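Data from run.cif: mmCIF, N, CA and C atoms
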data_work
#
loop_
_atom_site.group_PDB
_atom_site.id
_atom_site.type_symbol
_atom_site.label_atom_id
_atom_site.label_comp_id
_atom_site.auth_asym_id
_atom_site.auth_seq_id
_atom_site.Cartn_x
_atom_site.Cartn_y
_atom_site.Cartn_z
ATOM 1 N N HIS A 10 -11.227 -6.166 27.267
ATOM 2 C CA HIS A 10 -10.452 -7.297 26.763
ATOM 3 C C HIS A 10 -10.589 -7.417 25.253
ATOM 4 N N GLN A 11 -11.810 -7.250 24.763
ATOM 5 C CA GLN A 11 -12.076 -7.334 23.336
ATOM 6 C C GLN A 11 -11.252 -6.298 22.585
ATOM 7 N N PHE A 12 -11.392 -5.029 22.969
ATOM 8 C CA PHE A 12 -10.641 -3.963 22.317
ATOM 9 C C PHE A 12 -9.163 -4.330 22.264
ATOM 10 N N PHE A 13 -8.625 -4.783 23.395
ATOM 11 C CA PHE A 13 -7.225 -5.188 23.460
ATOM 12 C C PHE A 13 -6.946 -6.219 22.369
ATOM 13 N N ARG A 14 -7.741 -7.286 22.354
ATOM 14 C CA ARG A 14 -7.590 -8.329 21.348
ATOM 15 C C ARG A 14 -7.556 -7.717 19.954
ATOM 16 N N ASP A 15 -8.588 -6.946 19.617
ATOM 17 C CA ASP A 15 -8.649 -6.293 18.310
ATOM 18 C C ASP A 15 -7.344 -5.552 18.033
ATOM 19 N N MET A 16 -6.921 -4.724 18.987
ATOM 20 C CA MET A 16 -5.683 -3.963 18.851
ATOM 21 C C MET A 16 -4.533 -4.896 18.483
ATOM 22 N N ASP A 17 -4.395 -5.970 19.252
ATOM 23 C CA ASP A 17 -3.354 -6.962 19.008
ATOM 24 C C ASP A 17 -3.418 -7.447 17.563
ATOM 25 N N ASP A 18 -4.579 -7.965 17.162
ATOM 26 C CA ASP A 18 -4.773 -8.441 15.798
ATOM 27 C C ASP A 18 -4.400 -7.350 14.799
ATOM 28 N N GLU A 19 -4.705 -6.107 15.158
ATOM 29 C CA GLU A 19 -4.384 -4.961 14.316
ATOM 30 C C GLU A 19 -2.870 -4.839 14.171
ATOM 31 N N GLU A 20 -2.181 -4.670 15.301
ATOM 32 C CA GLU A 20 -0.727 -4.588 15.287
ATOM 33 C C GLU A 20 -0.186 -5.697 14.394
ATOM 34 N N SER A 21 -0.778 -6.882 14.534
ATOM 35 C CA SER A 21 -0.399 -8.029 13.723
ATOM 36 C C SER A 21 -0.498 -7.656 12.245
ATOM 37 N N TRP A 22 -1.669 -7.146 11.849
ATOM 38 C CA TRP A 22 -1.908 -6.722 10.467
ATOM 39 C C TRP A 22 -0.797 -5.796 9.992
ATOM 40 N N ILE A 23 -0.364 -4.888 10.864
ATOM 41 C CA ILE A 23 0.709 -3.964 10.514
ATOM 42 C C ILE A 23 1.954 -4.746 10.099
ATOM 43 N N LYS A 24 2.331 -5.725 10.915
ATOM 44 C CA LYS A 24 3.489 -6.563 10.619
ATOM 45 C C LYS A 24 3.279 -7.289 9.292
ATOM 46 N N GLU A 25 2.083 -7.845 9.123
ATOM 47 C CA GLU A 25 1.727 -8.559 7.902
ATOM 48 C C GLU A 25 1.789 -7.619 6.705
ATOM 49 N N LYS A 26 1.376 -6.376 6.926
ATOM 50 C CA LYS A 26 1.393 -5.362 5.884
ATOM 51 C C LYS A 26 2.834 -5.135 5.428
ATOM 52 N N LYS A 27 3.707 -4.811 6.378
ATOM 53 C CA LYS A 27 5.117 -4.591 6.071
ATOM 54 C C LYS A 27 5.682 -5.784 5.300
ATOM 55 N N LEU A 28 5.303 -6.989 5.725
ATOM 56 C CA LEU A 28 5.764 -8.215 5.078
ATOM 57 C C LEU A 28 5.414 -8.208 3.593
ATOM 58 N N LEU A 29 4.180 -7.819 3.271
ATOM 59 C CA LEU A 29 3.742 -7.771 1.878
ATOM 60 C C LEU A 29 4.694 -6.910 1.062
ATOM 61 N N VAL A 30 4.983 -5.720 1.578
ATOM 62 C CA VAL A 30 5.891 -4.793 0.913
ATOM 63 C C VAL A 30 7.231 -5.464 0.631
ATOM 64 N N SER A 31 7.658 -6.311 1.559
ATOM 65 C CA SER A 31 8.924 -7.024 1.432
ATOM 66 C C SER A 31 8.822 -8.161 0.415
ATOM 67 N N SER A 32 7.606 -8.650 0.193
ATOM 68 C CA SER A 32 7.379 -9.749 -0.745
ATOM 69 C C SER A 32 7.321 -9.265 -2.196
ATOM 70 N N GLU A 33 6.610 -8.160 -2.420
ATOM 71 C CA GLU A 33 6.439 -7.604 -3.765
ATOM 72 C C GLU A 33 7.677 -6.836 -4.241
ATOM 73 N N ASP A 34 8.848 -7.460 -4.134
ATOM 74 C CA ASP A 34 10.098 -6.832 -4.564
ATOM 75 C C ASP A 34 10.943 -7.797 -5.392
ATOM 76 N N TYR A 35 11.065 -9.030 -4.909
ATOM 77 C CA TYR A 35 11.856 -10.054 -5.585
ATOM 78 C C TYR A 35 11.268 -10.397 -6.952
ATOM 79 N N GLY A 36 12.043 -10.151 -8.005
ATOM 80 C CA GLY A 36 11.586 -10.447 -9.350
ATOM 81 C C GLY A 36 12.608 -10.072 -10.407
ATOM 82 N N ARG A 37 13.847 -10.531 -10.223
ATOM 83 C CA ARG A 37 14.929 -10.247 -11.167
ATOM 84 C C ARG A 37 15.355 -8.781 -11.087
ATOM 85 N N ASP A 38 16.618 -8.554 -10.730
ATOM 86 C CA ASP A 38 17.163 -7.195 -10.609
ATOM 87 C C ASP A 38 16.654 -6.270 -11.717
ATOM 88 N N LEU A 39 16.816 -6.700 -12.967
ATOM 89 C CA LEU A 39 16.382 -5.919 -14.125
ATOM 90 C C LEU A 39 15.028 -5.244 -13.887
ATOM 91 N N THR A 40 14.085 -5.975 -13.293
ATOM 92 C CA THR A 40 12.758 -5.431 -13.018
ATOM 93 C C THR A 40 12.691 -4.833 -11.621
ATOM 94 N N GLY A 41 13.509 -5.356 -10.710
ATOM 95 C CA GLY A 41 13.517 -4.863 -9.342
ATOM 96 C C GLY A 41 13.347 -3.357 -9.270
ATOM 97 N N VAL A 42 14.068 -2.638 -10.125
ATOM 98 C CA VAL A 42 13.971 -1.181 -10.161
ATOM 99 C C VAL A 42 12.519 -0.744 -10.370
ATOM 100 N N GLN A 43 11.907 -1.232 -11.447
ATOM 101 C CA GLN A 43 10.520 -0.903 -11.749
ATOM 102 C C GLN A 43 9.599 -1.436 -10.656
ATOM 103 N N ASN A 44 10.052 -2.480 -9.967
ATOM 104 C CA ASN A 44 9.275 -3.084 -8.891
ATOM 105 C C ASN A 44 9.210 -2.139 -7.698
ATOM 106 N N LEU A 45 10.330 -1.500 -7.381
ATOM 107 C CA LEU A 45 10.366 -0.555 -6.273
ATOM 108 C C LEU A 45 9.424 0.605 -6.568
ATOM 109 N N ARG A 46 9.566 1.179 -7.760
ATOM 110 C CA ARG A 46 8.723 2.290 -8.185
ATOM 111 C C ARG A 46 7.245 1.906 -8.120
ATOM 112 N N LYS A 47 6.916 0.714 -8.617
ATOM 113 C CA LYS A 47 5.532 0.245 -8.605
ATOM 114 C C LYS A 47 5.059 0.035 -7.171
ATOM 115 N N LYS A 48 5.956 -0.460 -6.323
ATOM 116 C CA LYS A 48 5.631 -0.684 -4.921
ATOM 117 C C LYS A 48 5.243 0.630 -4.265
ATOM 118 N N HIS A 49 6.072 1.653 -4.464
ATOM 119 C CA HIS A 49 5.817 2.968 -3.892
ATOM 120 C C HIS A 49 4.386 3.412 -4.188
ATOM 121 N N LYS A 50 4.025 3.427 -5.469
ATOM 122 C CA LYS A 50 2.681 3.827 -5.879
ATOM 123 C C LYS A 50 1.624 3.081 -5.074
ATOM 124 N N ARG A 51 1.774 1.764 -4.988
ATOM 125 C CA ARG A 51 0.832 0.939 -4.240
ATOM 126 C C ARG A 51 0.891 1.279 -2.754
ATOM 127 N N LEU A 52 2.070 1.679 -2.294
ATOM 128 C CA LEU A 52 2.261 2.041 -0.895
ATOM 129 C C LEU A 52 1.412 3.250 -0.536
ATOM 130 N N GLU A 53 1.467 4.286 -1.369
ATOM 131 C CA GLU A 53 0.683 5.491 -1.119
ATOM 132 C C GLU A 53 -0.795 5.142 -0.988
ATOM 133 N N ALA A 54 -1.326 4.424 -1.977
ATOM 134 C CA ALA A 54 -2.723 4.011 -1.942
ATOM 135 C C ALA A 54 -3.002 3.233 -0.659
ATOM 136 N N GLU A 55 -2.134 2.270 -0.373
ATOM 137 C CA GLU A 55 -2.252 1.456 0.828
ATOM 138 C C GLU A 55 -2.376 2.340 2.065
ATOM 139 N N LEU A 56 -1.389 3.213 2.259
ATOM 140 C CA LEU A 56 -1.363 4.123 3.396
ATOM 141 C C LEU A 56 -2.709 4.810 3.598
ATOM 142 N N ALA A 57 -3.340 5.212 2.502
ATOM 143 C CA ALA A 57 -4.629 5.885 2.578
ATOM 144 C C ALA A 57 -5.622 5.068 3.400
ATOM 145 N N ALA A 58 -5.624 3.758 3.180
ATOM 146 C CA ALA A 58 -6.521 2.850 3.889
ATOM 147 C C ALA A 58 -5.985 2.475 5.272
ATOM 148 N N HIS A 59 -4.663 2.522 5.438
ATOM 149 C CA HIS A 59 -4.037 2.164 6.703
ATOM 150 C C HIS A 59 -4.202 3.275 7.734
ATOM 151 N N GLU A 60 -4.397 4.504 7.262
ATOM 152 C CA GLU A 60 -4.568 5.642 8.161
ATOM 153 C C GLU A 60 -5.855 5.484 8.967
ATOM 154 N N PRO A 61 -7.017 5.426 8.287
ATOM 155 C CA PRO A 61 -8.311 5.277 8.956
ATOM 156 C C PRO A 61 -8.349 4.040 9.845
ATOM 157 N N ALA A 62 -7.756 2.953 9.355
ATOM 158 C CA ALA A 62 -7.723 1.696 10.095
ATOM 159 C C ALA A 62 -7.087 1.876 11.470
ATOM 160 N N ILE A 63 -5.848 2.359 11.488
ATOM 161 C CA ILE A 63 -5.134 2.567 12.744
ATOM 162 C C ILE A 63 -5.850 3.596 13.615
ATOM 163 N N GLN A 64 -6.262 4.703 13.006
ATOM 164 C CA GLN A 64 -6.967 5.756 13.732
ATOM 165 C C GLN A 64 -8.204 5.191 14.424
ATOM 166 N N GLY A 65 -8.946 4.349 13.706
ATOM 167 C CA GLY A 65 -10.139 3.745 14.264
ATOM 168 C C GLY A 65 -9.899 3.208 15.658
ATOM 169 N N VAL A 66 -8.845 2.409 15.815
ATOM 170 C CA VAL A 66 -8.521 1.853 17.124
ATOM 171 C C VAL A 66 -8.226 2.979 18.110
ATOM 172 N N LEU A 67 -7.400 3.927 17.676
ATOM 173 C CA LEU A 67 -7.039 5.073 18.509
ATOM 174 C C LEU A 67 -8.289 5.728 19.091
ATOM 175 N N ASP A 68 -9.245 6.050 18.224
ATOM 176 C CA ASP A 68 -10.489 6.675 18.664
ATOM 177 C C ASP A 68 -11.173 5.803 19.710
ATOM 178 N N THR A 69 -11.309 4.513 19.407
ATOM 179 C CA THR A 69 -11.933 3.575 20.335
ATOM 180 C C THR A 69 -11.260 3.660 21.702
ATOM 181 N N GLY A 70 -9.926 3.617 21.707
ATOM 182 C CA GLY A 70 -9.188 3.708 22.956
ATOM 183 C C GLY A 70 -9.576 4.946 23.741
ATOM 184 N N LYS A 71 -9.645 6.085 23.057
ATOM 185 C CA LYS A 71 -10.025 7.334 23.706
ATOM 186 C C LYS A 71 -11.344 7.141 24.446
ATOM 187 N N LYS A 72 -12.278 6.446 23.796
ATOM 188 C CA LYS A 72 -13.576 6.166 24.398
ATOM 189 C C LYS A 72 -13.383 5.371 25.683
ATOM 190 N N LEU A 73 -12.673 4.247 25.569
ATOM 191 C CA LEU A 73 -12.387 3.400 26.723
ATOM 192 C C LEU A 73 -11.971 4.259 27.912
ATOM 193 N N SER A 74 -11.095 5.225 27.648
ATOM 194 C CA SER A 74 -10.611 6.129 28.683
ATOM 195 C C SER A 74 -11.776 6.776 29.420
ATOM 196 N N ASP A 75 -12.632 7.460 28.671
ATOM 197 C CA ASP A 75 -13.789 8.134 29.251
ATOM 198 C C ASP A 75 -14.721 7.143 29.948
ATOM 199 N N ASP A 76 -14.680 5.886 29.509
ATOM 200 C CA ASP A 76 -15.541 4.844 30.074
ATOM 201 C C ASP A 76 -14.868 4.082 31.218
ATOM 202 N N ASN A 77 -13.554 4.245 31.379
ATOM 203 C CA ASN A 77 -12.833 3.531 32.436
ATOM 204 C C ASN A 77 -11.580 4.279 32.894
ATOM 205 N N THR A 78 -10.663 4.525 31.956
ATOM 206 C CA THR A 78 -9.394 5.204 32.248
ATOM 207 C C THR A 78 -8.474 4.290 33.059
ATOM 208 N N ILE A 79 -8.845 4.063 34.321
ATOM 209 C CA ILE A 79 -8.071 3.207 35.215
ATOM 210 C C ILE A 79 -7.926 1.809 34.622
ATOM 211 N N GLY A 80 -6.832 1.605 33.905
ATOM 212 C CA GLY A 80 -6.575 0.331 33.267
ATOM 213 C C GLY A 80 -6.220 0.526 31.813
ATOM 214 N N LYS A 81 -7.159 1.090 31.055
ATOM 215 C CA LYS A 81 -6.947 1.358 29.637
ATOM 216 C C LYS A 81 -5.611 2.073 29.409
ATOM 217 N N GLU A 82 -5.203 2.900 30.373
ATOM 218 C CA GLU A 82 -3.937 3.624 30.280
ATOM 219 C C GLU A 82 -2.806 2.694 29.831
ATOM 220 N N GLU A 83 -2.789 1.473 30.365
ATOM 221 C CA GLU A 83 -1.764 0.495 30.003
ATOM 222 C C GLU A 83 -1.844 0.158 28.519
ATOM 223 N N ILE A 84 -3.063 -0.034 28.025
ATOM 224 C CA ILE A 84 -3.272 -0.350 26.620
ATOM 225 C C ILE A 84 -2.727 0.774 25.750
ATOM 226 N N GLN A 85 -2.982 2.016 26.160
ATOM 227 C CA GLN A 85 -2.488 3.173 25.419
ATOM 228 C C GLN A 85 -0.995 3.010 25.148
ATOM 229 N N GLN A 86 -0.241 2.661 26.193
ATOM 230 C CA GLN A 86 1.198 2.450 26.061
ATOM 231 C C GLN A 86 1.480 1.458 24.937
ATOM 232 N N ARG A 87 0.789 0.320 24.974
ATOM 233 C CA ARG A 87 0.949 -0.708 23.946
ATOM 234 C C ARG A 87 0.612 -0.128 22.576
ATOM 235 N N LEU A 88 -0.512 0.581 22.505
ATOM 236 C CA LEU A 88 -0.945 1.207 21.264
ATOM 237 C C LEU A 88 0.116 2.190 20.777
ATOM 238 N N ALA A 89 0.860 2.770 21.719
ATOM 239 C CA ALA A 89 1.918 3.710 21.377
ATOM 240 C C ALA A 89 2.892 3.062 20.400
ATOM 241 N N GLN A 90 3.074 1.747 20.544
ATOM 242 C CA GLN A 90 3.958 0.992 19.660
ATOM 243 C C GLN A 90 3.393 1.005 18.245
ATOM 244 N N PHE A 91 2.082 0.792 18.149
ATOM 245 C CA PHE A 91 1.372 0.781 16.870
ATOM 246 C C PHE A 91 1.682 2.048 16.087
ATOM 247 N N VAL A 92 1.459 3.191 16.726
ATOM 248 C CA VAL A 92 1.723 4.475 16.097
ATOM 249 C C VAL A 92 3.179 4.552 15.660
ATOM 250 N N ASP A 93 4.083 4.222 16.579
ATOM 251 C CA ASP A 93 5.512 4.237 16.289
ATOM 252 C C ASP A 93 5.810 3.440 15.022
ATOM 253 N N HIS A 94 5.279 2.225 14.955
ATOM 254 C CA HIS A 94 5.489 1.369 13.796
ATOM 255 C C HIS A 94 5.050 2.080 12.529
ATOM 256 N N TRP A 95 3.810 2.556 12.531
ATOM 257 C CA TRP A 95 3.273 3.266 11.382
ATOM 258 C C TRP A 95 4.170 4.440 11.020
ATOM 259 N N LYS A 96 4.606 5.174 12.036
ATOM 260 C CA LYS A 96 5.491 6.315 11.836
ATOM 261 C C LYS A 96 6.695 5.913 10.987
ATOM 262 N N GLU A 97 7.378 4.843 11.389
ATOM 263 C CA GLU A 97 8.533 4.361 10.645
ATOM 264 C C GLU A 97 8.142 4.048 9.207
ATOM 265 N N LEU A 98 7.033 3.332 9.053
ATOM 266 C CA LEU A 98 6.536 2.961 7.733
ATOM 267 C C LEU A 98 6.365 4.199 6.859
ATOM 268 N N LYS A 99 5.740 5.229 7.418
ATOM 269 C CA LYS A 99 5.526 6.481 6.702
ATOM 270 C C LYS A 99 6.857 7.056 6.235
ATOM 271 N N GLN A 100 7.797 7.183 7.168
ATOM 272 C CA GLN A 100 9.120 7.715 6.858
ATOM 273 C C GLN A 100 9.750 6.946 5.697
ATOM 274 N N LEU A 101 9.708 5.617 5.771
ATOM 275 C CA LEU A 101 10.267 4.778 4.719
ATOM 276 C C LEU A 101 9.614 5.092 3.377
ATOM 277 N N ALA A 102 8.283 5.122 3.360
ATOM 278 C CA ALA A 102 7.540 5.417 2.141
ATOM 279 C C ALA A 102 7.975 6.755 1.550
ATOM 280 N N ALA A 103 8.085 7.767 2.406
ATOM 281 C CA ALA A 103 8.500 9.096 1.969
ATOM 282 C C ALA A 103 9.861 9.036 1.288
ATOM 283 N N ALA A 104 10.815 8.380 1.943
ATOM 284 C CA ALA A 104 12.156 8.240 1.396
ATOM 285 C C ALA A 104 12.100 7.609 0.009
ATOM 286 N N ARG A 105 11.369 6.502 -0.094
ATOM 287 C CA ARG A 105 11.217 5.794 -1.360
ATOM 288 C C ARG A 105 10.731 6.740 -2.454
ATOM 289 N N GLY A 106 9.683 7.504 -2.148
ATOM 290 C CA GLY A 106 9.139 8.445 -3.112
ATOM 291 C C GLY A 106 10.181 9.427 -3.611
ATOM 292 N N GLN A 107 10.972 9.962 -2.686
ATOM 293 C CA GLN A 107 12.021 10.920 -3.027
ATOM 294 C C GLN A 107 13.224 10.216 -3.651
#
Output the file's structure as structure tokens, nothing else.
Amino acid sequence: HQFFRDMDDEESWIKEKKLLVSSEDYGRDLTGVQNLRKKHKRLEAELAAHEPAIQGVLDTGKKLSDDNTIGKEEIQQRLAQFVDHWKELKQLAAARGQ
């Protein structure tokens, strides 16, 4: 139950993370351009820390499996969303860079 909770709070953080990216943009068109470029740079750094964070949960889940399996399987499905979300985020970041 705890791991699940943590995962949930984590997924939440992901949403909150994306929100930040959406916040650090508004600031007069004239600067908006430089704002996007600056955002990208911060995005790369961010991602560096977001990788280990998300992975951490993933690893934990793997453990749960070996410790239970019957049940945790459902959580994996939910966690699948987490990865998917991050995946999209990565793609977006890549596009921005290019």
Which residues, written as an MDAnalysis selection string, have at least one atom at most 8 Å from region 42-53 of chain A, with only C-alpha atoms counted and residues fewer than 3 positions away on the same chain left out? chainID A and resid 30 33:34 36 38:39 56:57 102 105:106
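With CA of residue 91 (chain A) on one side and atom C of residue 72 (chain A) on the other, the separation reads 17.8 Å.
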Here's the selection I'm unsure about, the PyMOL selection byres (((chain A and resi 13 and name CA) around 10) and name CA); applied to the file above, which residues does it give, as a PyMOL selection string? chain A and resi 10-12+14-19+66+70+81+84-85+87-88
Quick check, in Å to one decimal: how far apart do CA of residue 25 (chain A) and atom N of residue 55 (chain A) lie? 14.2 Å
Once 6 Å is added on each side, what are the centre and the three edge lengths, in Å to one decimal, of the axis-aligned box enclosing the listed atoms of region 14-30 of chain A? Present them as AutoDock Vina command-line options.
--center_x -0.7 --center_y -6.3 --center_z 11.5 --size_x 27.9 --size_y 16.6 --size_z 33.7
May I ask you to restore N, CA, C and O atoms in region 87-100 of chain A and write the result as a CSV table (one decimal), in the frame of the given file?
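To be explicit, this is the file written out as part.csv:
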chain,number,residue,atom,x,y,z
A,87,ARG,N,0.8,0.3,25.0
A,87,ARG,CA,0.9,-0.7,23.9
A,87,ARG,C,0.6,-0.1,22.6
A,87,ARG,O,1.4,-0.3,21.6
A,88,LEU,N,-0.5,0.6,22.5
A,88,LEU,CA,-0.9,1.2,21.3
A,88,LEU,C,0.1,2.2,20.8
A,88,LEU,O,0.3,2.4,19.6
A,89,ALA,N,0.9,2.8,21.7
A,89,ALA,CA,1.9,3.7,21.4
A,89,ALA,C,2.9,3.1,20.4
A,89,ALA,O,3.4,3.7,19.5
A,90,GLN,N,3.1,1.7,20.5
A,90,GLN,CA,4.0,1.0,19.7
A,90,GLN,C,3.4,1.0,18.2
A,90,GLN,O,4.1,1.2,17.3
A,91,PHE,N,2.1,0.8,18.1
A,91,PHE,CA,1.4,0.8,16.9
A,91,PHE,C,1.7,2.0,16.1
A,91,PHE,O,2.1,2.0,14.9
A,92,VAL,N,1.5,3.2,16.7
A,92,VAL,CA,1.7,4.5,16.1
A,92,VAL,C,3.2,4.6,15.7
A,92,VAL,O,3.5,4.9,14.5
A,93,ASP,N,4.1,4.2,16.6
A,93,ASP,CA,5.5,4.2,16.3
A,93,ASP,C,5.8,3.4,15.0
A,93,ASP,O,6.5,3.9,14.1
A,94,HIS,N,5.3,2.2,15.0
A,94,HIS,CA,5.5,1.4,13.8
A,94,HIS,C,5.0,2.1,12.5
A,94,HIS,O,5.8,2.2,11.6
A,95,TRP,N,3.8,2.6,12.5
A,95,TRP,CA,3.3,3.3,11.4
A,95,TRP,C,4.2,4.4,11.0
A,95,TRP,O,4.5,4.7,9.9
A,96,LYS,N,4.6,5.2,12.0
A,96,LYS,CA,5.5,6.3,11.8
A,96,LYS,C,6.7,5.9,11.0
A,96,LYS,O,7.0,6.6,10.0
A,97,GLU,N,7.4,4.8,11.4
A,97,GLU,CA,8.5,4.4,10.6
A,97,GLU,C,8.1,4.0,9.2
A,97,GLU,O,8.8,4.4,8.3
A,98,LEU,N,7.0,3.3,9.1
A,98,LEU,CA,6.5,3.0,7.7
A,98,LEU,C,6.4,4.2,6.9
A,98,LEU,O,6.8,4.2,5.7
A,99,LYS,N,5.7,5.2,7.4
A,99,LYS,CA,5.5,6.5,6.7
A,99,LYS,C,6.9,7.1,6.2
A,99,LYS,O,7.0,7.4,5.1
A,100,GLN,N,7.8,7.2,7.2
A,100,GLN,CA,9.1,7.7,6.9
A,100,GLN,C,9.8,6.9,5.7
A,100,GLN,O,10.3,7.5,4.7
